[PDB]
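K.L.:
Starting off with a structure, shown below.
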Amino acid sequence: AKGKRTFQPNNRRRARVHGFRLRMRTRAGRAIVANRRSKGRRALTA
Amino acid sequence: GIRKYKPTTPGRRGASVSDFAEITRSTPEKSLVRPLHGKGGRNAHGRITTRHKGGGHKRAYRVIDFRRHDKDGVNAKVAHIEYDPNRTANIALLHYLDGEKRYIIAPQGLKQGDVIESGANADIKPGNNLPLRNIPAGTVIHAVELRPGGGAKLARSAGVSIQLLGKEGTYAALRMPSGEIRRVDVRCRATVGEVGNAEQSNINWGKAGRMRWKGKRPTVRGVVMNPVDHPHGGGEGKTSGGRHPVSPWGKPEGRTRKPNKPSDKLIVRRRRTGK
RNA sequence: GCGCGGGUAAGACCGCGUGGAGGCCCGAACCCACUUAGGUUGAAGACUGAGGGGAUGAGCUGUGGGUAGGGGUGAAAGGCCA
RNA sequence: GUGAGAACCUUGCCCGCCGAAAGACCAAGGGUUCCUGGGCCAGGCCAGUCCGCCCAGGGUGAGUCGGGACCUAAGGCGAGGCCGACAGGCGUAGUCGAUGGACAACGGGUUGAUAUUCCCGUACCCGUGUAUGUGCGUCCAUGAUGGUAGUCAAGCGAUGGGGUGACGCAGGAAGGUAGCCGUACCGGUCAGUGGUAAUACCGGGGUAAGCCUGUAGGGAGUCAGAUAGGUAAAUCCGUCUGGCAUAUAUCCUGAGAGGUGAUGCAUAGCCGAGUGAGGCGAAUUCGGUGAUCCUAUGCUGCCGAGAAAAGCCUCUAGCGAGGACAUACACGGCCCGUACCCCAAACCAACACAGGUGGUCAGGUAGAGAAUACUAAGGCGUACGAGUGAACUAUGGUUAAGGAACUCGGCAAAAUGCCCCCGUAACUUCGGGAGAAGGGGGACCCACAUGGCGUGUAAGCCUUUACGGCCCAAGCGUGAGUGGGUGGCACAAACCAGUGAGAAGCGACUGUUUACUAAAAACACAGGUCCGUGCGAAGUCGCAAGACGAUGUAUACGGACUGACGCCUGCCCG
RNA sequence: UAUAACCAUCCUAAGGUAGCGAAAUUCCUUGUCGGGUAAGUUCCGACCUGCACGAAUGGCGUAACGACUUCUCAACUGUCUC
RNA sequence: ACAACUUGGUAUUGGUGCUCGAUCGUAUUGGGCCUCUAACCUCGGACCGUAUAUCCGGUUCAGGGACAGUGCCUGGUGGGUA
Ligand SMILES: [Mg+2]
Ligand SMILES: [Mg+2]
Ligand SMILES: [Mg+2]
Ligand SMILES: [Mg+2]
Ligand SMILES: [Mg+2]
Ligand SMILES: [Mg+2]
Ligand SMILES: [Mg+2]
Ligand SMILES: [Mg+2]
Ligand SMILES: [Mg+2]
Ligand SMILES: [Mg+2]
Ligand SMILES: [Mg+2]
Ligand SMILES: [Mg+2]
Ligand SMILES: [Mg+2]
Ligand SMILES: [Mg+2]
Ligand SMILES: [Mg+2]
Ligand SMILES: [Mg+2]
Ligand SMILES: [Mg+2]
Ligand SMILES: [Mg+2]
Ligand SMILES: [Mg+2]
Ligand SMILES: [Mg+2]
Ligand SMILES: [Mg+2]
Ligand SMILES: [Mg+2]
Ligand SMILES: [Mg+2]
Ligand SMILES: [Mg+2]
Ligand SMILES: [Mg+2]
Ligand SMILES: [Mg+2]
Ligand SMILES: [Mg+2]
Ligand SMILES: [Mg+2]
Ligand SMILES: [Mg+2]
Ligand SMILES: [Mg+2]
Ligand SMILES: [Mg+2]
Ligand SMILES: [Mg+2]
Ligand SMILES: [Mg+2]
Ligand SMILES: [Mg+2]
Ligand SMILES: [Mg+2]
Ligand SMILES: [Mg+2]
Ligand SMILES: [Mg+2]
Ligand SMILES: [Mg+2]
Ligand SMILES: [Mg+2]
Ligand SMILES: [Mg+2]
Ligand SMILES: [Mg+2]
Ligand SMILES: [Mg+2]
Ligand SMILES: [Mg+2]
Ligand SMILES: [Mg+2]
Ligand SMILES: [Mg+2]
Ligand SMILES: [Mg+2]
Ligand SMILES: [Mg+2]
Ligand SMILES: [Mg+2]
Ligand SMILES: [Mg+2]
Ligand SMILES: [Mg+2]
Ligand SMILES: [Mg+2]
Ligand SMILES: [Mg+2]
Ligand SMILES: [Mg+2]
Ligand SMILES: [Mg+2]
Ligand SMILES: [Mg+2]
Ligand SMILES: [Mg+2]
Ligand SMILES: [Mg+2]
Ligand SMILES: [Mg+2]
Ligand SMILES: [Mg+2]
Ligand SMILES: [Mg+2]
Ligand SMILES: [Mg+2]
Ligand SMILES: [Mg+2]
Ligand SMILES: [Mg+2]
Ligand SMILES: [Mg+2]
Ligand SMILES: [Mg+2]
Ligand SMILES: [Mg+2]
Ligand SMILES: [Mg+2]
Ligand SMILES: [Mg+2]
Ligand SMILES: [Mg+2]
Ligand SMILES: [Mg+2]
Ligand SMILES: [Mg+2]
Ligand SMILES: [Mg+2]
Ligand SMILES: [Mg+2]
Ligand SMILES: [Mg+2]
Ligand SMILES: [Mg+2]
Ligand SMILES: [Mg+2]
Ligand SMILES: [Mg+2]
Ligand SMILES: [Mg+2]
Ligand SMILES: [Mg+2]
Ligand SMILES: [Mg+2]
Ligand SMILES: [Mg+2]
Ligand SMILES: [Mg+2]
Ligand SMILES: [Mg+2]
Ligand SMILES: [Mg+2]
Ligand SMILES: [Mg+2]
Ligand SMILES: [Mg+2]
Ligand SMILES: [Mg+2]
Ligand SMILES: [Mg+2]
Ligand SMILES: [Mg+2]
Ligand SMILES: [Mg+2]
Ligand SMILES: [Mg+2]
Ligand SMILES: [Mg+2]
Ligand SMILES: [Mg+2]
Ligand SMILES: [Mg+2]
Ligand SMILES: [Mg+2]
Ligand SMILES: [Mg+2]
Ligand SMILES: [Mg+2]
Ligand SMILES: [Mg+2]
Ligand SMILES: [Mg+2]
Ligand SMILES: [Mg+2]
Ligand SMILES: [Mg+2]
Ligand SMILES: [Mg+2]
Ligand SMILES: [Mg+2]
Ligand SMILES: [Mg+2]
Ligand SMILES: [Mg+2]
Ligand SMILES: [Mg+2]
Ligand SMILES: [Mg+2]
Ligand SMILES: [Mg+2]
Ligand SMILES: [Mg+2]
Ligand SMILES: [Mg+2]
Ligand SMILES: [Mg+2]
Ligand SMILES: [Mg+2]
Ligand SMILES: [Mg+2]
Ligand SMILES: [Mg+2]
Ligand SMILES: [Mg+2]
């Protein structure tokens with residue numbers, strides 16, 4: 001009787017996987033944040 | 001000793017276990033143990049380096065002394081024989097006269113309450129050490145050093161032995177456990193005797209858990225494998241693979257020693273199977 | 001294995017009390033999905049009602065970590081990778 | 001009763017349901033759903049005075065609870081550096097990273113919303129100041145010496161050394177405690193019926209941490225000399241010579257019991273007084289049953305053989321003339337989390353959904369039970385209704401005689417089902433096959449019978465006399481057997497609760513697989529043979545360093561085919 | 001009367017040792033013989049005429065085990081006449 | 001076609017000795033073999049950068065050694081990949 005779905009929330013996991021420090025640690029992250037800023041999104045990175 | 005189970009459940013029939021009539025304690029010295037972690041058979045990259053190796057049980061490593069030249073000319077006493085999973089054979093605890101404690105492999109036939117000489121001019125008592133230059137011919141040795149100051153890096157498993165042939169200049173001839181003959185500088189160190197617990201061979205396990213605890217994973221045969229992931233795979237029914245056996249990666253059997261190795265033009269001869 | 005009474009010269013062996021080794025047995029939770037009736041513009045984008053196998057183990061599960069696409073993983077079915 | 005409207009809102013009285021939850025809580029998860037006050041054009045599958053609707057205001061109180069300032073793992077970053085055409089991949093020193101280790105508070109009361117946070121009462125752990133008392137040296141000088149002279153043992157004491165800290169699986173016995181069931185004892189009731197007036201019935205029959213004592217039990221060895229092993233030195237840890245020791249010696253630990261905390265708090269009840277508050281306020285002795293909780297990191301067995309750092313103790317190296325102890329007085333003790341929802345209308349599922357969600361609490365009667373049936377504490381009647389012997393559909397219930405004659409198919413149903421006694425085949429790898437089939441008994445009362453058994457007090461015996469060991473009238477609980485009698489169709493009466501046998505084929509067994517049509521004769525599984533590997537191996541990932549194999553060394557490791565065990569495994573090298 | 005149960009002809013490398021056989025292999029096939037009820041194209045035990053069994057892509061057995069497949073027996077019942 | 005493996009030449013690349021030939025002693029410049037150390041190599045031992053370092057670098061001791069590896073050209077195997 002399994003109904004467990006894909007989404008299992010957790011703030012710690014979400015932050016450390018899609019966090020700013022992780023994003024800017026590398027280069028592609030910097031490029032994508034720059035692209036998003038050029039676009040003009042309200043929130044840069046989740 | 002060897003003990004054989006009386007069959008009472010289908011899985012256990014024919015099982016056996018080694019009777020540990022040689023142990024005296026079950027607690028290593030707190031100052032000589034060092035930790036170890038379950039490893040999983042991967043590497044830094046995370047790729048599976050060797051298939052079907054993993055799982056098992058948590059083990060604690062104990063340090064051993066394979067140098068045995070820092071201390072010389074000082075006697076020692078045999079204290080106890082201890083359990084050790086990390087290596088096939090058993091081990092012994094030594095009490096040096098000056099008070100230091102050290103660990104070595106337990107040679108065959110040794111027992112509690114004995115005297116071991118580690119001098120460069122020591123006796124021929126088993127368990128002693130002294131340079132190859134000073135060992136008489138015809139004796140059996142183990143823990144051979146591949147070269148001076150290199151540590152015993154050969155013949156460490158249970159039941160192995162090395163036989164010493166004649167000598168020449170700075171070179172000596174050794175009979176390899178597998179029949180080979182190799183030459184090595186006499187300046188190196190070695191130990192007299194052979195590794196005990198020669199009954200390792202007769203152990204019959206008969207149970208999946210006794211292998212899983214050691215960490216052996218299934219093998220999955222080749223023919224059943226699908227054609228994409230394997231060279232024998234495919235075919236309706238079951239067949240020999242439609243091609244002469246080849247490794248699962250494209251390269252067949254045969255020569256395996258890299259030629260022109262620095263030892264290639266110095267070492268004598270190769271093995272012969274089943275003479 | 002142990003102690004007692006037999007058998008022996010010693011045994012094997014014969015009975016008597018303790019021990020609970022068992023990938024042992026019946027049976028809850030949990031986990032699995034074999035048969036069967038319903039649902040099928042369903043309550044549910046793969047369930048429910050009866051029955052069905054393990055239950056000291058190759059067991060079940062929480063916590064934090066690693067494995068990236070001609071690649072990963074895979075007790076190996078051309079499965080899985082939101 | 002409210003209001004214009006009421007089966008769906010408020011009060012009161014009946015009835016039913018749940019109760020290993022349809023109850024009380026934690027972490028994760030959401031953010032204002034919590035309270036007060038306003039209304040009902042939006043929403044609630046219908047109307048709504050109601051709301052998890054919205055409006056406005058209010059509400060979250062820690063030296064001791066969870067985290068940070070304390071320490072670490074699998075892993076991530078990475079100064080130098082290596083390798084790489086560039087971009088970039090590695091990894092040292094270090095710093096990050098709880099699901100762990102250490103670490104100091106409990107009972108009761110309080111408002112519409114807060115409680116180990118406020119108050120009452122009593123505790124514990126770190127720091128600073130003042131005063132006082134023990135009181136030792138710097139400057140005198142006795143001492144021990146290696147005995148004129150040079151050091152010194154006070155007091156601190158490490159970034160250093162050494163101990164401790166520091167670890168698996170299964171299992172019973174013994175002594176305890178919680179919980180529960182009776183009872184001495186204390187307060188209250190006269191329940192419109194045939195009979196019981198207190199020998200009946202109803203309700204009570206409580207109360208923490210710390211501080212004192214140290215019972216049962218368990219564990220452990222101590223002094224003299226030599227020494228040089230522990231990256232220097234060591235009175236420390238080791239090793240070697242001798243003495244001391246089986247003493248319940250000595251030390252440590254330590255359940256439970258006992259006193260203190262408590263002239264206190266709370267409560268059954270009695271008075272007035274009702275959205276409710278105030279005042280007063282009894283007795284609080286003895287037995288049985290008995291844990292999943294304590295002694296316990298105990299003890300006994302087993303192999304597959306079982307984290308680190310910090311802290312604490314100690315040692316010197318080294319600083320050193322003020323410091324140590326005790327008492328009293330007066331002070332300081334940092335940052336974040338703190339409402340509400342938690343087995344769900346507030347989380348995951350597009351919904352106010354028949355699914356899922358880690359952990360803690362576990363009453364009575366029958367019961368082996370945490371299954372099953374009715375029930376206390378506690379919570380619910382969950383959001384469309386009222387009527388009406390159509391067929392038909394779905395879930396149950398019953399049915400003569402035949403019983404498998406339909407159906408590819410004994411599919412579904414039906415049947416046995418529990419406890420105690422008698423005896424159980426062909427087989428066999430001697431464990432098993434085996435609960436094999438079958439037959440008999442199962443209520444109540446009395447007598448045997450004040451029988452027996454366990455516990456256990458009055459009382460007795462004994463002693464290293466104390467919190468002591470033995471028996472144990474009385475009291476309490478409890479099955480087994482033999483006779484006689486009684487009722488009915490039925491004596492495991494409900495619920496719950498295995499069909500069995502005889503063959504063949506396939507697979508040795510337990511196991512795993514196509515989430516979402518296939519659970520197998522499929523897959524692996526322990527046995528064997530061959531091939532390859534001489535050690536920064538072969539085999540790998542990676543154009544490279546490097547990493548695995550292995551902190552291992554052919555009685556091992558990688559690849560291939562086969563699959564327990566028995567009888568075996570023919571010919572042929574083009 | 002039944003056929004080869006020895007020798008030689010071609011070829012290449014030799015031309016199936018044990019064991020089993022209308023089977024998870026068999027088109028002609030519901031092959032022939034004995035068992036089973038009244039009826040047996042299923043099943044069981046044998047017959048060798050092996051299209052196209054066969055010993056490490058193993059053969060023949062085998063105690064115990066199987067939500068594996070096929071057949072028979074007693075009890076049962078609304079699976080049926082109904 | 002490519003990766004990978006593999007064969008020679010050539011540069012890295014040094015000294016001295018035996019042995020085979022094209023204008024039986026006279027002339028031929030390249031092959032085969034044995035030696036020596038300074039190039040080069042060793043996840044060998046010991047010290048220092050260093051208080052903590054199995055990284056790294058340097059000195060020294062000890063072994064290999066003109067090989068191996070690696071640049072450039074080239075001959076072969078090559079469903080491992082396109
Ligand atoms: Mg270690
Ligand atoms: Mg990559
Ligand atoms: Mg493998
Ligand atoms: Mg694991
Ligand atoms: Mg060993
Ligand atoms: Mg086994
Ligand atoms: Mg395999
Ligand atoms: Mg397969
Ligand atoms: Mg292919
Ligand atoms: Mg793939
Ligand atoms: Mg195939
Ligand atoms: Mg085929
Ligand atoms: Mg095959
Ligand atoms: Mg091949
Ligand atoms: Mg070999
Ligand atoms: Mg037992
Ligand atoms: Mg059963
Ligand atoms: Mg519906
Ligand atoms: Mg969907
Ligand atoms: Mg279902
Ligand atoms: Mg179900
Ligand atoms: Mg059914
Ligand atoms: Mg079940
Ligand atoms: Mg079953
Ligand atoms: Mg079982
Ligand atoms: Mg299992
Ligand atoms: Mg990624
Ligand atoms: Mg398949
Ligand atoms: Mg998918
Ligand atoms: Mg109403
Ligand atoms: Mg219920
Ligand atoms: Mg319950
Ligand atoms: Mg339940
Ligand atoms: Mg949460
Ligand atoms: Mg939160
Ligand atoms: Mg509210
Ligand atoms: Mg309102
Ligand atoms: Mg409205
Ligand atoms: Mg609406
Ligand atoms: Mg509002
Ligand atoms: Mg606070
Ligand atoms: Mg690092
Ligand atoms: Mg840097
Ligand atoms: Mg790094
Ligand atoms: Mg960290
Ligand atoms: Mg943590
Ligand atoms: Mg509170
Ligand atoms: Mg263990
Ligand atoms: Mg244990
Ligand atoms: Mg009461
Ligand atoms: Mg206490
Ligand atoms: Mg000494
Ligand atoms: Mg218990
Ligand atoms: Mg303070
Ligand atoms: Mg804060
Ligand atoms: Mg709260
Ligand atoms: Mg809340
Ligand atoms: Mg809340
Ligand atoms: Mg809830
Ligand atoms: Mg939603
Ligand atoms: Mg709903
Ligand atoms: Mg739901
Ligand atoms: Mg769950
Ligand atoms: Mg329970
Ligand atoms: Mg009920
Ligand atoms: Mg309730
Ligand atoms: Mg109908
Ligand atoms: Mg029906
Ligand atoms: Mg009837
Ligand atoms: Mg009938
Ligand atoms: Mg018919
Ligand atoms: Mg039919
Ligand atoms: Mg059925
Ligand atoms: Mg049978
Ligand atoms: Mg039997
Ligand atoms: Mg039976
Ligand atoms: Mg007395
Ligand atoms: Mg006594
Ligand atoms: Mg009757
Ligand atoms: Mg067969
Ligand atoms: Mg099974
Ligand atoms: Mg399987
Ligand atoms: Mg699957
Ligand atoms: Mg499927
Ligand atoms: Mg599925
Ligand atoms: Mg299926
Ligand atoms: Mg399956
Ligand atoms: Mg199967
Ligand atoms: Mg299988
Ligand atoms: Mg074999
Ligand atoms: Mg094997
Ligand atoms: Mg092999
Ligand atoms: Mg290699
Ligand atoms: Mg093999
Ligand atoms: Mg087979
Ligand atoms: Mg097979
Ligand atoms: Mg041949
Ligand atoms: Mg040939
Ligand atoms: Mg046949
Ligand atoms: Mg067969
Ligand atoms: Mg045929
Ligand atoms: Mg046929
Ligand atoms: Mg036939
Ligand atoms: Mg039929
Ligand atoms: Mg064929
Ligand atoms: Mg074969
Ligand atoms: Mg063969
Ligand atoms: Mg069989
Ligand atoms: Mg029949
Ligand atoms: Mg009937
Ligand atoms: Mg060249
Ligand atoms: Mg060259
Ligand atoms: Mg040049
Ligand atoms: Mg080609
Ligand atoms: Mg292709």
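In the structure tokens, chains take the letters A, B, ... in the order shown, each chain's residues start at 1, and ligands count up from 1 in the order shown.
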Which residues, written as a ChimeraX atom specification, have at least one atom at most 9 Å from residue 23 (chain A), with only C-alpha atoms (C1' of nucleotides) counted and residues fewer than 6 positions away on the same chain left out?
P.N.:
/A:17,29-30,32-33,45
K.L.:
Could you save those same residues with N, CA and C atoms as a PDB file, in the first residue's frame?
P.N.:
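The resulting part.pdb:
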ATOM      1  N   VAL A  17      22.065  21.710  -1.015  1.00  0.00           N
ATOM      2  CA  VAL A  17      22.195  21.233  -2.387  1.00  0.00           C
ATOM      3  C   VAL A  17      22.039  22.385  -3.373  1.00  0.00           C
ATOM      4  N   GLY A  29      28.220  27.714 -11.726  1.00  0.00           N
ATOM      5  CA  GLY A  29      27.304  28.376 -10.817  1.00  0.00           C
ATOM      6  C   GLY A  29      27.362  29.884 -10.944  1.00  0.00           C
ATOM      7  N   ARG A  30      28.574  30.441 -11.013  1.00  0.00           N
ATOM      8  CA  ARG A  30      28.714  31.883 -11.183  1.00  0.00           C
ATOM      9  C   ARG A  30      28.082  32.338 -12.491  1.00  0.00           C
ATOM     10  N   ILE A  32      25.631  30.950 -14.165  1.00  0.00           N
ATOM     11  CA  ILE A  32      24.175  30.867 -14.141  1.00  0.00           C
ATOM     12  C   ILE A  32      23.585  31.955 -13.253  1.00  0.00           C
ATOM     13  N   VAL A  33      24.227  32.260 -12.123  1.00  0.00           N
ATOM     14  CA  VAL A  33      23.694  33.335 -11.289  1.00  0.00           C
ATOM     15  C   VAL A  33      23.774  34.655 -12.039  1.00  0.00           C
ATOM     16  N   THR A  45      18.670  32.699  -6.192  1.00  0.00           N
ATOM     17  CA  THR A  45      18.818  31.261  -6.038  1.00  0.00           C
ATOM     18  C   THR A  45      18.011  30.798  -4.839  1.00  0.00           C
TER      19      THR A  45
END
K.L.:
Write out as a VMD selection string which residues come within 12 Å of region 8-13 of chain A when counting only C-alpha atoms (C1' of nucleotides), dropping same-chain ones fewer than 3 positions away.
P.N.:
(chain A and resid 4 to 5 16 to 19 46) or (chain C and resid 64 to 65 82) or (chain D and resid 28 to 30 347 to 349 356 to 357)
K.L.:
Show which residues sit within 12 Å of residue 63 (chain F), as a PyMOL selection string. Count only C-alpha atoms (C1' of nucleotides), and ignore same-chain residues fewer than 6 positions away.
P.N.:
(chain B and resi 147-149+184-185+187) or (chain F and resi 41-42+44-45)
K.L.:
Residues at most 10 Å from ligand 18, using only C-alpha atoms (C1' of nucleotides) and all ligand atoms? Could they come as a list in words?
P.N.:
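Those residues are residues 39, 42, 43 and 44 of chain C; 354 of chain D.
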K.L.:
Please save N, CA, C and O atoms (P, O5', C5', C4', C3', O3' and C1' of nucleotides) of the selected residues as a PDB file, in the first residue's frame.
P.N.:
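Contents of out24.pdb, as written:
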ATOM      1  P     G C  39     -17.802  -2.872 -10.448  1.00  0.00           P
ATOM      2  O5'   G C  39     -16.929  -1.544 -10.353  1.00  0.00           O
ATOM      3  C5'   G C  39     -17.275  -0.506  -9.449  1.00  0.00           C
ATOM      4  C4'   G C  39     -16.069   0.316  -9.075  1.00  0.00           C
ATOM      5  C3'   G C  39     -15.264   0.865 -10.240  1.00  0.00           C
ATOM      6  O3'   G C  39     -15.799   2.078 -10.738  1.00  0.00           O
ATOM      7  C1'   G C  39     -13.805  -0.147  -8.669  1.00  0.00           C
ATOM      8  P     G C  42     -14.702   9.550 -12.488  1.00  0.00           P
ATOM      9  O5'   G C  42     -14.378   8.274 -11.595  1.00  0.00           O
ATOM     10  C5'   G C  42     -14.885   8.150 -10.276  1.00  0.00           C
ATOM     11  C4'   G C  42     -14.785   6.724  -9.799  1.00  0.00           C
ATOM     12  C3'   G C  42     -14.511   6.531  -8.316  1.00  0.00           C
ATOM     13  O3'   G C  42     -15.688   6.609  -7.531  1.00  0.00           O
ATOM     14  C1'   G C  42     -13.068   5.143  -9.589  1.00  0.00           C
ATOM     15  P     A C  43     -16.053   7.962  -6.747  1.00  0.00           P
ATOM     16  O5'   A C  43     -15.096   7.938  -5.477  1.00  0.00           O
ATOM     17  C5'   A C  43     -15.155   8.968  -4.504  1.00  0.00           C
ATOM     18  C4'   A C  43     -13.887   9.026  -3.692  1.00  0.00           C
ATOM     19  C3'   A C  43     -12.593   9.014  -4.492  1.00  0.00           C
ATOM     20  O3'   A C  43     -12.234  10.299  -4.966  1.00  0.00           O
ATOM     21  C1'   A C  43     -12.460   7.416  -2.761  1.00  0.00           C
ATOM     22  P     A C  44     -11.128  10.455  -6.118  1.00  0.00           P
ATOM     23  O5'   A C  44      -9.788   9.921  -5.443  1.00  0.00           O
ATOM     24  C5'   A C  44      -8.595   9.800  -6.201  1.00  0.00           C
ATOM     25  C4'   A C  44      -7.604   8.879  -5.537  1.00  0.00           C
ATOM     26  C3'   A C  44      -6.605   8.208  -6.467  1.00  0.00           C
ATOM     27  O3'   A C  44      -5.486   9.033  -6.745  1.00  0.00           O
ATOM     28  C1'   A C  44      -7.545   6.597  -5.000  1.00  0.00           C
TER      29        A C  44
ATOM     30  P     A D 354     -12.217   9.844   2.184  1.00  0.00           P
ATOM     31  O5'   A D 354     -11.189   8.989   3.049  1.00  0.00           O
ATOM     32  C5'   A D 354     -10.069   8.356   2.440  1.00  0.00           C
ATOM     33  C4'   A D 354      -9.963   6.903   2.829  1.00  0.00           C
ATOM     34  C3'   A D 354      -8.866   6.127   2.105  1.00  0.00           C
ATOM     35  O3'   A D 354      -8.373   5.086   2.948  1.00  0.00           O
ATOM     36  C1'   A D 354     -10.952   5.179   1.588  1.00  0.00           C
TER      37        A D 354
END
K.L.:
Would you work out the distance separating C1' of residue 72 (chain F) from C1' of residue 85 (chain D), expressed in Å to one decimal?
P.N.:
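These two atoms are separated by 18.3 Å.
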K.L.:
Compute the chain B side of the contact with chain E at 10 Å, counting only C-alpha atoms (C1' of nucleotides), and hand it back as a PyMOL selection string.
P.N.:
chain B and resi 9-10+223+237-241
K.L.:
Between F:16, F:35, F:81, F:74, which is the closest to chain B once you count only C-alpha atoms (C1' of nucleotides)?
P.N.:
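Between F:16, F:35, F:81, F:74, the residue approaching chain B most closely is F:81.
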K.L.:
Please identify all protein, DNA and RNA residues within 10 Å of ligand 41, counting only C-alpha atoms (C1' of nucleotides) and all ligand atoms, and report them as a PyMOL selection string.
P.N.:
chain D and resi 61-62+117+336-338
K.L.:
Taking only C-alpha atoms (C1' of nucleotides) and all ligand atoms and a cut-off of 9 Å, can you tell me which residues surround ligand 78, written as a count of residues only?
P.N.:
5
K.L.:
Using only C-alpha atoms (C1' of nucleotides), determine which residues lie at most 10 Å from residue 311 (chain D), disregarding the query and same-chain residues fewer than 2 positions distant; provide the list as an NGL selection string.
P.N.:
:D and (70-71 or 101-102 or 165 or 309)
K.L.:
Counting only C-alpha atoms (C1' of nucleotides), a student should be able to say which residues of chain C come within 7 Å of chain B; what is the right answer, written as a VMD selection string?
P.N.:
chain C and resid 23 to 24 58 66 to 67 75 to 76
K.L.:
With N, CA, C and O atoms (P, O5', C5', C4', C3', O3' and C1' of nucleotides) retained, could you export that selection as a PDB file, in the first residue's frame?
P.N.:
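That gives us result.pdb:
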ATOM      1  P     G C  23      21.467 -22.387  11.713  1.00  0.00           P
ATOM      2  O5'   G C  23      20.720 -21.115  11.111  1.00  0.00           O
ATOM      3  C5'   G C  23      19.695 -21.260  10.139  1.00  0.00           C
ATOM      4  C4'   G C  23      19.294 -19.927   9.558  1.00  0.00           C
ATOM      5  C3'   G C  23      18.121 -19.939   8.591  1.00  0.00           C
ATOM      6  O3'   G C  23      16.875 -19.930   9.268  1.00  0.00           O
ATOM      7  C1'   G C  23      19.886 -18.584   7.734  1.00  0.00           C
ATOM      8  P     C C  24      15.574 -20.602   8.610  1.00  0.00           P
ATOM      9  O5'   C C  24      15.529 -22.063   9.244  1.00  0.00           O
ATOM     10  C5'   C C  24      15.752 -22.268  10.632  1.00  0.00           C
ATOM     11  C4'   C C  24      15.024 -23.488  11.135  1.00  0.00           C
ATOM     12  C3'   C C  24      13.538 -23.310  11.394  1.00  0.00           C
ATOM     13  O3'   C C  24      12.769 -23.410  10.208  1.00  0.00           O
ATOM     14  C1'   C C  24      14.537 -24.452  13.217  1.00  0.00           C
ATOM     15  P     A C  58      22.106 -14.109   8.625  1.00  0.00           P
ATOM     16  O5'   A C  58      22.583 -13.243   7.377  1.00  0.00           O
ATOM     17  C5'   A C  58      22.381 -13.707   6.047  1.00  0.00           C
ATOM     18  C4'   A C  58      22.260 -12.563   5.071  1.00  0.00           C
ATOM     19  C3'   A C  58      20.953 -11.780   5.150  1.00  0.00           C
ATOM     20  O3'   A C  58      21.188 -10.405   4.857  1.00  0.00           O
ATOM     21  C1'   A C  58      21.177 -12.725   2.996  1.00  0.00           C
ATOM     22  P     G C  66      27.439  13.894  -0.508  1.00  0.00           P
ATOM     23  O5'   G C  66      28.110  12.775  -1.422  1.00  0.00           O
ATOM     24  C5'   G C  66      29.517  12.731  -1.607  1.00  0.00           C
ATOM     25  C4'   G C  66      29.964  11.383  -2.114  1.00  0.00           C
ATOM     26  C3'   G C  66      29.384  10.952  -3.451  1.00  0.00           C
ATOM     27  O3'   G C  66      30.117  11.484  -4.541  1.00  0.00           O
ATOM     28  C1'   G C  66      29.222   9.173  -1.886  1.00  0.00           C
ATOM     29  P     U C  67      29.368  12.037  -5.848  1.00  0.00           P
ATOM     30  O5'   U C  67      29.068  10.728  -6.703  1.00  0.00           O
ATOM     31  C5'   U C  67      30.127   9.921  -7.196  1.00  0.00           C
ATOM     32  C4'   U C  67      29.609   8.632  -7.779  1.00  0.00           C
ATOM     33  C3'   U C  67      28.415   8.755  -8.710  1.00  0.00           C
ATOM     34  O3'   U C  67      28.787   9.104 -10.032  1.00  0.00           O
ATOM     35  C1'   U C  67      28.050   6.996  -7.160  1.00  0.00           C
ATOM     36  P     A C  75      23.018  -6.619  -7.828  1.00  0.00           P
ATOM     37  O5'   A C  75      22.543  -8.126  -7.640  1.00  0.00           O
ATOM     38  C5'   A C  75      22.902  -9.120  -8.585  1.00  0.00           C
ATOM     39  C4'   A C  75      22.222 -10.435  -8.301  1.00  0.00           C
ATOM     40  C3'   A C  75      20.711 -10.393  -8.166  1.00  0.00           C
ATOM     41  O3'   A C  75      20.048 -10.357  -9.414  1.00  0.00           O
ATOM     42  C1'   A C  75      21.618 -11.678  -6.410  1.00  0.00           C
ATOM     43  P     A C  76      18.536  -9.830  -9.508  1.00  0.00           P
ATOM     44  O5'   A C  76      18.225  -9.859 -11.067  1.00  0.00           O
ATOM     45  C5'   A C  76      18.620 -10.972 -11.861  1.00  0.00           C
ATOM     46  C4'   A C  76      18.777 -10.590 -13.309  1.00  0.00           C
ATOM     47  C3'   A C  76      19.552 -11.593 -14.160  1.00  0.00           C
ATOM     48  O3'   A C  76      19.015 -11.630 -15.480  1.00  0.00           O
ATOM     49  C1'   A C  76      20.656  -9.509 -14.199  1.00  0.00           C
TER      50        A C  76
END
